[PDB]
Amino acid sequence: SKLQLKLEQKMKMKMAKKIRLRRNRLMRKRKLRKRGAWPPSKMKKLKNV
Amino acid sequence: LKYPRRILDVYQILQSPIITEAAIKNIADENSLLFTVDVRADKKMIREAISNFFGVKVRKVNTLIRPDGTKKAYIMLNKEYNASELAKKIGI
Amino acid sequence: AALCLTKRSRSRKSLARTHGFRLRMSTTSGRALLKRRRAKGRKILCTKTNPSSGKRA
Amino acid sequence: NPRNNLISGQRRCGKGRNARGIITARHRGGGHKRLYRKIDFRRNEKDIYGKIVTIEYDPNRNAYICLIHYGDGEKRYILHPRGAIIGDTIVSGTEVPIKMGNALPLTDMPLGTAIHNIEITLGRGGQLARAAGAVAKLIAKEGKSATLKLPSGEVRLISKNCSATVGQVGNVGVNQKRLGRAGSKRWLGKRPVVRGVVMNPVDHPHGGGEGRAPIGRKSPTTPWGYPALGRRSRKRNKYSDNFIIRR
RNA sequence: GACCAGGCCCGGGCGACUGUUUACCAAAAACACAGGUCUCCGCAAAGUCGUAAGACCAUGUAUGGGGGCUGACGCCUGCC
RNA sequence: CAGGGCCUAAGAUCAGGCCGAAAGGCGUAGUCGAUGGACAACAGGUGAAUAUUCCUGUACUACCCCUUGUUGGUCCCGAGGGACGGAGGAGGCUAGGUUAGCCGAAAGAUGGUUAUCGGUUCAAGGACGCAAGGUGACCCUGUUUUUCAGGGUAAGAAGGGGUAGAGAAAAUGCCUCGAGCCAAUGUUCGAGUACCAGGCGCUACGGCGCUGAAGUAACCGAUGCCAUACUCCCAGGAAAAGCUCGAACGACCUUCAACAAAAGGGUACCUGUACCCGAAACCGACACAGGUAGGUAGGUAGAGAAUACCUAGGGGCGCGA
RNA sequence: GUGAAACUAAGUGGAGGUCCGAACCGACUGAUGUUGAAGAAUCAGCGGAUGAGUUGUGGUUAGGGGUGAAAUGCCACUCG
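So, how was this worked out
- Residues numbered from 1 in each chain as written, not as in the entry; some residues may be left out.
- Chains lettered and ligands numbered in written order.
- Part of a larger assembly, values for the part shown.
- Heavy atoms only, no water.
- Near = heavy atom within 4 Å.
- Polar contact = N/O pair within 3.5 Å; in protein donor to acceptor, adjacent residues only side chain to side chain.
- Helix = DSSP H or I, 4+ residues; strand = E, 2+ residues; numbered from the N terminus.
- Nonpolar A, V, L, I, M, F, W, Y, C, P; charged D, E, K, R; others polar.
- Patch = residues over 30% accessible without salt bridge, like charges linked within 9 Å, V, L, I, M, F, W, Y side chains within 5 Å.
- Areas by Shrake-Rupley, 256 points an atom, 1.4 Å probe, with all protein chains shown as cover.
- Salt bridge = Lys/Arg side-chain N within 4 Å of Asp/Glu carboxyl O.
- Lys, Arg positive; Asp, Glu negative; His and termini not counted.
- Charge placed at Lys NZ, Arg CZ, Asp CG, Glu CD.
- Buried < 20%, exposed > 50% of the residue type's maximum accessible area, 1.4 Å probe, protein only.
- Arc of directions from axis to C-beta.
- Contact = heavy atoms within 4.5 Å.
- Pairing = 2+ DSSP bridges.
- Axes fitted to C-alpha atoms, helices over the stretch in contact; angles between N-to-C directions.
- Core = buried A, V, L, I, M, F, W, Y, C linked by side-chain atoms within 4.5 Å.

Method of structure determination, per the deposited record: cryo-EM was used for this entry, reaching 3.3 Å resolution.

Right, dumping it as structure tokens:
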């Protein structure tokens, strides 16, 4: 009974983990768009500079 | 009630096709075709005025303004309809 | 340093918030200015910008 | 615990000085944002205890403030006095005994006591003697007034039904906290003041000529013409509640 | 071993100092400064702008807010 | 993708309200107002002028339809959160760089020599998961307390959960369970019948056509991520909406209507998009030895974004002899 | 080192209105340039460069005024 509760809390940990990491990676992508340095074509072409 | 954004005389929402060579490139290469519309137009009003007057499912409606004032509309039809067999009927 | 040059690359939005038609019509004084512009015969009674598009030319 | 949802947020922007935009309270500008602290001057919960959990630095004040809870679910800030033991309990009320930190109306108390936060009339938040060491004493009471020696060397009979937080208010050691970094004046949002001799006659009345100008006028004046030594700036008939100026 | 990359010491005057100042002839010994002192102000505060309502002061309360002069620090600051 | 269809700061306009010869001044609710907060796309190709926009691949948002349950649901209200400082240096790694391995070619008329010359590329996203990094509470033992070895506590983490008061959520007080937690990085799919050195066939000699090898390891090491992570300091570091939770009171609609999901399909609002942008196109009257916010930061020598010479890329400064 | 103090080796730490020096900001000297390349610059050095910093965007105060670390400075190459 208690291990199933630990699996429900673990499932809450997986759902909230995927949501928080999704929000974090999208906000990193917005922080790199706002500086003007996000798209890896515009960085991979400017690897030499 | 279902209002549009603006009531804009729907039998005049399209003005003229474009007969440049790049338009024929869009026909043979894109299954799309080129119209000249007025500035007061939509991706919802032009898109309805193609599936009714022509009888063709239109895929997308890529619009742009042109600095002489008038508006240009690249309309891409569905895969089921060739734009070349529907453009020779009009006169392209 | 810079030079003794006055106008620069300020956005036309901020030039239209000051010298545009709205702050020119929000006062009795500015609409009296438009009495003098329309009374003289100027084709462009304000120097503005547009929130949608740039220029039809 | 910062971000208490009691710091209250929106203010008028920094140490402002603009009435219509004209400089009217001079030498202001600069520093941090200095977000204010909405503290509980007029204690509207009487006869319920409350502990003390945090002594937070209010940047708006010269002293500190403290976060006080209650037995019910609330959070307030009050001026903590000298002697605020962490975890000590304060309680406002009408018959609450005298302790360094709690509040009570000015009637139900003896005379000759150290009190910081007093009221000049009923209903107000808190007016007098709330700085970083400002302590007001009580001379004996009267029928509906109370002669109170507030920390200017000044006595004042006052309305007796006024709330008062008994205690000597702490952070006295700002008498000796030196500003010796010499640009720390600018961190408080206080621009440098220019002096009247070294101005022009269009600006100040002591706009001089060659050299260190002597003061020239019969009296040292303000930049708006009034004499700035001895001339008491007080309306001749306002209250007549003060007994003697004693200054 | 190229480019790059402190000249220094001995005295004195002024300003303690870092800073700010006459955009386009003056960067200073000038202004400011930390510190000192006098003086006004008890909150419906003083002071400031406005005929007024009102606003800054201040959502602060004499360990605080104006205003005058002097300018760290050390010794003092006399007589009328 | 950037703004508007979302939100507010400074500030502006301010319904009523006060004031004032007039014009208008003050000021609350409210509404505008990005330089901020919220929200979903990357790689290759095409191309006289367009590319996160067009084509192809894999995705992700916001609603509808299709299946299970519910009788209430939405908004206003109550709350959490959004939500924030400066400096400091140490870790863990990525981006880039160098070297080595591998693959292809190479005789470049010189004394010798292959020691030489080019590739060694891959994103967003979907899954699985984190240590020798930080965090996890107290005491003893061994070691420089430390990385670790060992014992005990019943709370001592991320987190959940019960209650008690006028107490739905929250907050406060009490009790209990949980030894782990956090995030860059990472493996696989995307992803090769792509890209790519080379050779193979014609030149409008401007390029197209067919085929295609290896595509790994280690040392450095970021000013980029972890990271609003810790430590220190005073000069004490925005707001609102989106989001999440929830009783009473208040407005509306009610059964195949509303709400919450699980796969699968459908649908995709306006404006900006060229070009110059360390400038001949902007601002200095000039195709003016001047100015203009921000981003990317290769090699060698060097502490270094100075300097000297160079790869990429771009020029030879619009009078010459 | 004494029953505790006062004080000192040694590490750890990274404070500064610290120092050298780039971007950046500013303009001290000198030469050039004076129908200048430029209605205020070029060249060679120069002062600050974690702060009382610099700058972008959106604002604010408007002439019996504003603003001024105070020069009669600045308020569109114009300011008693």
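Right, picking up where we left off after that structure.
Caption draft 1: Layout of the protein's contact with RNA strand G. Around RNA strand G, the surrounding shell holds 26 residues, and the nearest of these are C:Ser14, D:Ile23, D:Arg191, D:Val198 and D:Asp203. Take the atoms of RNA strand G that sit within 4 Å of the protein: sugar and phosphate atoms are 57% of them. A distance of 2.9 Å is found between a base nitrogen of RNA strand G and a side-chain nitrogen or oxygen belonging to D:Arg186. Here a phosphate oxygen of RNA strand G and a side-chain polar atom of D:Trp187 are 3.3 Å apart. Among the elements that take part in the surface near RNA strand G, helix 1 (residues 12–18) of chain C stands out by supplying three residues, more than any other. Here the residues of the surface near RNA strand G sort into 12 nonpolar, six polar and eight charged.

Caption draft 2: Structural detail: a positive patch on the surface. A surface patch of positive charge is lined by A:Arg22, A:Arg23, A:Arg25, A:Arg28, A:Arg30, A:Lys31, A:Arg33 and A:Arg35. As for its placement among the helices and strands, A:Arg28 is situated in helix 1 (residues 2–35).

Caption draft 3: Looking closely at helix 1 (residues 21–30) of chain B. Residues and elements named next belong to chain B. Of all the positions in helix 1, only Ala23, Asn26 and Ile27 are classed as buried. Buried positions in helix 1, seen along its axis, are confined to an arc of 100° and lie on one side of it. Those residues of helix 1 that are exposed and aimed more than 90 degrees away from the buried face are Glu21, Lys25, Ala28 and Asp29. On its buried face, helix 1 sits against strand 2 (32–37), strand 4 (71–77) and helix 3 (83–87). The first or second residue beyond helix 1 is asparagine 31, which carries a positive phi of 55°.

Caption draft 4: Summary view of the pairing of strand 6 (residues 137–141) of chain D. Both strand 6 of chain D and strand 7 (residues 145–150) of chain D contribute to a ladder of three bridges, which runs antiparallel. Following the sheet pairing, D:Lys141 is matched in strand 7 of chain D by D:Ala146.

Caption draft 5: Structural context of the protein's contact with RNA strand E. Residues and elements named next belong to chain D. Around RNA strand E there are 67 residues in total, and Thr24, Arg124, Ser152, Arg156 and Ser233 lie nearest to it. The sugar and phosphate moieties of RNA strand E supply 72% of its atoms located within 4 Å of the protein. With respect to RNA strand E, the side chain of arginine 12 contributes an N or O atom lying 3.4 Å from a phosphate oxygen. Within the backbone of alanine 182, one N or O atom sits 3.3 Å away from a sugar or linking oxygen of RNA strand E. Of the residues in the surface near RNA strand E, the class split is 30 nonpolar, 17 polar and 20 charged.

Caption draft 6: Summary view of the side chain of D:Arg156. Residue and element names in this part refer to chain D. Its location among the elements puts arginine 156 in strand 8 (residues 154–159). Residue class for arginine 156 comes out buried when judged on its relative accessible area of 14%. Every residue in contact with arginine 156, bar those within four places of it in the chain, is listed here: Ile120, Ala146, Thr147, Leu148, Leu150, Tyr239, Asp241 and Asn242.

Caption draft 7: Up close: the arrangement of the chains. What separates chain A from chain B at the closest point of their C-alpha atoms is a distance of 24 Å, and the two make no contact. Kept free of each other, chain A and chain C leave a smallest C-alpha distance of 20 Å between them.

Caption draft 8: Examining the sheet that holds strand 5 (residues 115–118) of chain D more closely. Residue and element names in this part refer to chain D. Overall, antiparallel pairing links the three strands, which are arranged 4-9-5 in an open sheet. The sheet terminates laterally at strand 4 (103–105) and strand 5, the two strands that pair on one side only. The average undirected angle you get between the axes of adjacent strands in this sheet is 30°. The pairing of strand 4 with strand 9 (residues 163–166) spans three bridges and is antiparallel. Bridge pairing in strand 9 links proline 105 to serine 163.

Caption draft 9: Expanded view of the nonpolar core. Residue and element names in this part refer to chain B. In this structure, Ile13, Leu33, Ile46, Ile50, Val58, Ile75 and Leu77 are the most contacted members of the largest nonpolar core, which totals 19 residues. Those elements that provide at least two residues to this core are strand 2, helix 2 (45–48), strand 3 (58–65), strand 4 and helix 3. The residues contacting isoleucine 75, other than those within four sequence positions of it, are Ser32, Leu33, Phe35, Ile46, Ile50, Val58, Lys60 and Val61.

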